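Accompanying notes for the structure given below.
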Amino acid sequence: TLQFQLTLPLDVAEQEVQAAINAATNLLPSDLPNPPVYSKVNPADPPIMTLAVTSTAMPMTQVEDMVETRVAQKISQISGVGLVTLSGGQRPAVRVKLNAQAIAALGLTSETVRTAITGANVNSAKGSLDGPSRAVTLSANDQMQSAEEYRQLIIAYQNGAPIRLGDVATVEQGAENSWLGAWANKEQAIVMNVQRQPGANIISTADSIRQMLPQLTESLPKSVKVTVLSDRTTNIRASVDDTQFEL
Amino acid sequence: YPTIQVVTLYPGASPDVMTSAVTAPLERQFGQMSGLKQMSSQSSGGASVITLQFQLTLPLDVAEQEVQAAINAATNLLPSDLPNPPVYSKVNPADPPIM
Amino acid sequence: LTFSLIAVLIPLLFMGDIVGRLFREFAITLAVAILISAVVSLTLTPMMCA
Amino acid sequence: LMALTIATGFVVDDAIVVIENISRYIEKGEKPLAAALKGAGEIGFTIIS
Amino acid sequence: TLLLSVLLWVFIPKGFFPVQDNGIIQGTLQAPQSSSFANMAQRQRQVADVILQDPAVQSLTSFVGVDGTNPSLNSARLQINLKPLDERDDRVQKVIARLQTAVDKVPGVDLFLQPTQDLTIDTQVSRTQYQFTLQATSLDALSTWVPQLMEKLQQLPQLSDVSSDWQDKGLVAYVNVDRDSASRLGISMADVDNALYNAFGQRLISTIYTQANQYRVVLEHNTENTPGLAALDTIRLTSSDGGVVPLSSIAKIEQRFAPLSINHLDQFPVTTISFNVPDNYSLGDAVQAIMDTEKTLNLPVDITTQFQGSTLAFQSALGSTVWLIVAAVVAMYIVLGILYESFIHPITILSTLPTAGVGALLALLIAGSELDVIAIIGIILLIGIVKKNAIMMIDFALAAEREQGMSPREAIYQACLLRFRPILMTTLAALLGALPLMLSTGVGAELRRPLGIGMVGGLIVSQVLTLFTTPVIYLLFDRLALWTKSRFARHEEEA
Amino acid sequence: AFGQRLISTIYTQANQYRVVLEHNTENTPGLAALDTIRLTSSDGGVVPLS
Amino acid sequence: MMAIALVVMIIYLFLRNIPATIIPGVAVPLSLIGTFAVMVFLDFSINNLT
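Protein chains in written order, with the entry's author numbering: chain Y, 101 to 347; chain B, 51 to 149; chain H, 447 to 496; chain S, 398 to 446; chain W, 546 to 1040; chain P, 744 to 793; chain A, 348 to 397.
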């Protein structure tokens, strides 16, 4: 949290924070998953309207994948969105479960499986061919998408018996971080929050996302029901119409 | 018009691997940024140029700030064999050359 | 006529979009030419003709 | 919103003072156009004051 | 006049911006899917030998290869140049026609000329007359349903020359490394990828540092000694046992089909479709034809459409026009009421405006000139001049009526007699001002040539109607003013 | 072992998934899950953290 | 230049007033050349539209 003097314009402060975060990059730890990003958000700014998405009979990982592929981006596509914060992010990923006793029994370390997995999925340049008649591009099945091909990889060797990932470890589709989640009233759900844009009308934007609210619900799979829990255009309407009536 | 062209040339890579390893990450990074009205990409063999057209209300300087921030934030996920980092261009197609 | 003529150009310069911007220059150029011509007509010609 | 709500009275006050002068020159029974002109002339300074 | 104003405004063809002949033509060269550098270069050399033979062309500029502009390896963009105005003999249309029929005879080639413009709004350079996009959800589904929209949408007479930038018949070579066979010699997928990339990847590995410049070191393999795809299996790969293991023993080679370019729209695969509309049909017939085709083809429910260009510009113009006209007319009423301090006098002035529109639209239909927005502006200036001379007569009419107190008919008679000479000097000035635009034959003339004829028609029609209609219609408006005074008296009497 | 470490990457047609490493704690409850981890050695065997 | 020249010639021939002939050939170039003076504060650029 940095609070500046009243005389500093926001653009110049953004320039200094960008310069500092760039200059301090070398000293940062080298295992950072994402570089640090700045936010031009003051605590005084309130959100515009919050949307929460829940489901009944389909795993939450695919619910989150589905919502941030189609629901979140199309809603954010129109103006009126400052920053969509998908709180409780259960982002989909691939998990590998290690059995301590089994792997310890065969005398092999986690460095071995680490090296095998690192050397399995590498999607780099493969180049192209040139000749007098035809030209082609080289592409190989070096990329695996789902979990069965990761499971089928061989990660260790021991007296002739092929030791794979599946027979000594478990892999199953899940979340990238088990410690992020959201709860809606009594059931579990995924919640995203919409910020505001300066100089933008709020009532019209809310009416717009209301108008595209049903278009997504029909588009969503039948097992998914989306709901809204909080807003402020209703209090704005109450204030303006009460003032009008009084005058 | 507010229109930013960014170019990423990486030799040898086939078009499909170029789309999977270059366009997808920055496209997901650029899409969450405000003001984006529509986007289109020209992805071919060893080439990846991105076309972003913004709303009429966005000043060019602020759009340059967002594209710089996005290209900096998405740097880690980019392939590590990039010969040059991707550079943005403040050029609209309406501008003609001089000579 | 000087005041009434601008009434045609009073709304045109306020239209937005690319067409509005590209006609803004034409509109105010015409307006400035008309105003300067009016000032020259009421200032120089009376003296030359007097 | 609250600024406009309070300023309703301020805005109405100007109509109040002009109707005040015009009613003053209407009640006694002076010539209509002459009464309105003379009243506007005599109290135009006060309103701008 | 009012009825024909509405009828002609509906009848006249419209235009967005006009075409200009500056002297450059940008064309695109298309080559088969199996094209390479040697073949495309030799074809460019042959075309350059063919196009330069024309007398009107003076130079060629052509750059190919992977860059930020060119779309693919086989796709070549050409920038043609022409001699200036005073030396060649034909204009853009006939020169480009001769250029197009010159290259068609050349075997094995096809080149799409579009004359470039100066003011560009679209983010892309169009190839044919019109273009549009089709949005789907996945690469494979739209790829597999590409042939349907060529083999079923081509037969509509209103829809001709169906084409798209996407071609899905590109030749690609696939190597399938066995996961189980790799673990025997201690080789991983990383080694296979590194070997293939540093073998045929044009990989940049080392750096050269000099005093002021910075050179690079590049690794490449020879293909001349062994032609064909038999150059791929001559590469070796390291092994834990220390020997060299051939790629034949650990992998197999297959040939398949992949696309040369992937284009995306709104984070979903897309196709850009360009074509030519018959002159015997309008864009409405074309879009309704696209509607019934996309309905009849039974396309997957995940196939949507999106359009750009003329439709959006024309819809925006229609949305802006009505509000512009209404606000303008309100503005003239307000200022004219300020100038005359009356109710029906501005309506008398406002009643003469539409007369010039009839002349302008009749002239533009007769002159066969495109109704660009510049033509609309010219009609606006015509109406402005018409209102200018109208005010010129009405001011003196009102001044005479207020000064002499003579009856209105002889008042307007005297006003017209004393102001007639101003009418003809103004008309002559307008005619000489519009004369250069009529005979504009030089550079940029496409942006001034129709304006002269339009303004001249507007002026002569407007004066012909004015000099013979204004006084009596003004007297009729004065009679209507007398009746409105009667209405004021009534509304003050029985109401 | 117990860091929820993100190591590998998954590349797809349009999205980008990640690969995460985690250990089981259900089989052995309590802090006795920590000493079941092994560490490599120059001699080639496994040496316990105890 | 030809527009101004024709205007001057037609004025001289019509109203047969040499004084009425000296005014246009100096006033119109003076107004048109001097028009951009107010345009300086507007900072617009002369182009094809201008």
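Note that beta-carbon positions come from the ideal geometry of N, C-alpha and C, so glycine has one too.
Legend entry - Spatially closest choice to W/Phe888 from W/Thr673, W/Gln578, W/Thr1029, W/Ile732, by CA coordinates: W/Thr1029
Legend entry - Alpha-carbon spacing of B/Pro75 relative to B/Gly81, whole angstroms: 10 angstroms
Legend entry - Any non-hydrogen atom of the ligand ATP within 8 angstroms of W/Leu656 CB: Inclusion of the ligand ATP in the displayed structure is not the case, the ligand content being empty and no account of it being possible.
Legend entry - Start-to-end residues for the alpha helix (DSSP H) that takes in B/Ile121: 110 to 123
Inset, instruction - Give the secondary structure of W/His766 by DSSP, where H, G and I count as helix, E and B as strand, and everything else as coil. - result: coil
Legend entry - Beta-bridge pairing of residue 97 of chain Y - partner residues as DSSP gives them: In this structure chain Y extends from 101 to 347, so residue 97 of chain Y is not present and cannot be described.
Legend entry - Length of the line joining the Cα atoms of W/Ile641 and W/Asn626: 11 angstroms
Inset, instruction - Report the neighbours of W/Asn584 on chain B: residues whose CB is nearer than 8 angstroms to its CB, in chain order. - result: Those do not exist, as W/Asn584 stays about 16 angstroms from chain B at its closest Cβ, beyond 8 angstroms.
Inset, instruction - Return helix, strand or coil for S/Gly441, following the three-state DSSP convention. - result: helix
Legend entry - Any chain H beta carbon closer than 9 angstroms to A/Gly381: yes
Legend entry - Cα-Cα separation, B/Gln88 to H/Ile464: 18 angstroms
Inset, instruction - Give, in chain order, every unbroken run of the beta strand (DSSP E) that is at least 3 residues long and sits entirely within the segment 230 to 263 of chain Y. - result: 238 to 240, 254 to 258
Inset, instruction - Identify the continuous alpha helix (DSSP H) that holds S/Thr402 and give its terminal residues. - result: 399 to 424
Legend entry - 9 angstroms Cβ cutoff, A/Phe361 in contact with chain W: yes
Inset, instruction - Report the residue from W/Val1001, W/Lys639, W/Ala601 whose alpha carbon sits nearest the alpha carbon of W/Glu632. - result: W/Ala601
Legend entry - According to DSSP, residues forming a beta bridge with Y/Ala269: Y/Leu198
Legend entry - Reference P/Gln747, options P/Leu764, P/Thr755, P/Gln756, closest by Cα: P/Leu764
Legend entry - Selection from Y/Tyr138, Y/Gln273, Y/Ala261 that minimises the alpha carbon distance to Y/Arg251: Y/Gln273
Inset, instruction - Determine whether the Cβ of B/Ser94 lies closer than 9 angstroms to any Cβ atom of chain P. - result: no
Legend entry - Residue-chain proximity (P/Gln759, chain W), Cβ-Cβ < 9 angstroms: no
Legend entry - CB contact below 9 angstroms: W/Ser861 versus chain H: yes
Inset, instruction - Look at W/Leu605 and W/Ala593 and say whether their C-beta atoms are less than 9 angstroms apart. - result: yes
Inset, instruction - Drop a sphere of 10 angstroms on the beta-carbon of S/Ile444, count the other beta-carbons inside from all chains shown, and report buried for 16 or more, exposed for fewer. - result: exposed
Legend entry - Burial state of Y/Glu116 (16 or more Cβ within 10 Å): exposed
Inset, instruction - Compute the Euclidean distance between the alpha carbons of Y/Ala284 and Y/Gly189, then round it to the nearest angstrom. - result: 14 angstroms
Legend entry - Element boundaries [beta strand (DSSP E), containing W/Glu799]: 796 to 803
Legend entry - Pairwise C-alpha distance: Y/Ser308 and W/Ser620: 43 angstroms
Legend entry - Best match in W/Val789, W/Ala912, W/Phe820, W/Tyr878 for proximity to W/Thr897 [C-alpha to C-alpha]: W/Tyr878
Inset, instruction - Find the residues of chain W that neighbour B/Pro136, judging by a C-beta separation of less than 7 angstroms, and give them in chain order. - result: Per Cβ cutoff of 7 angstroms: no residues; B/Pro136 is ~11 angstroms from chain W at best.
Inset, instruction - Look at the alpha carbon of Y/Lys226 and the alpha carbon of Y/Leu253, and state the distance between them as a whole number of angstroms. - result: 22 angstroms
Legend entry - Straight-line gap, S/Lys435 to W/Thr546 (C-alpha atoms, nearest Å): 50 angstroms
Inset, instruction - Go to B/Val99, then tell me how far its alpha helix (DSSP H) extends in each direction, as first and last residue. - result: Run containing B/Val99: none in the alpha helix (DSSP H); it sits in the beta strand (DSSP E), 97 to 104.
Inset, instruction - For W/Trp711, count neighbouring C-beta atoms within 10 Å of its own C-beta (all shown protein chains included) and say buried if the count is 16 or more, exposed if not. - result: buried
Inset, instruction - Could you say if the segment 311 to 320 of chain Y and the segment 168 to 177 of chain Y meet the contact criterion of at least three C-beta pairs nearer than 8 angstroms? - result: yes
Inset, instruction - Kindly give me the distance between the Cβ atoms of W/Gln589 and W/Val609, rounded to whole angstroms, as I take these residues to be in contact under 8 angstroms. - result: 7 angstroms
Inset, instruction - Rounded to whole angstroms, what's the CA-CA distance from W/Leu884 to W/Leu980? Just pull it up for me. - result: 33 angstroms
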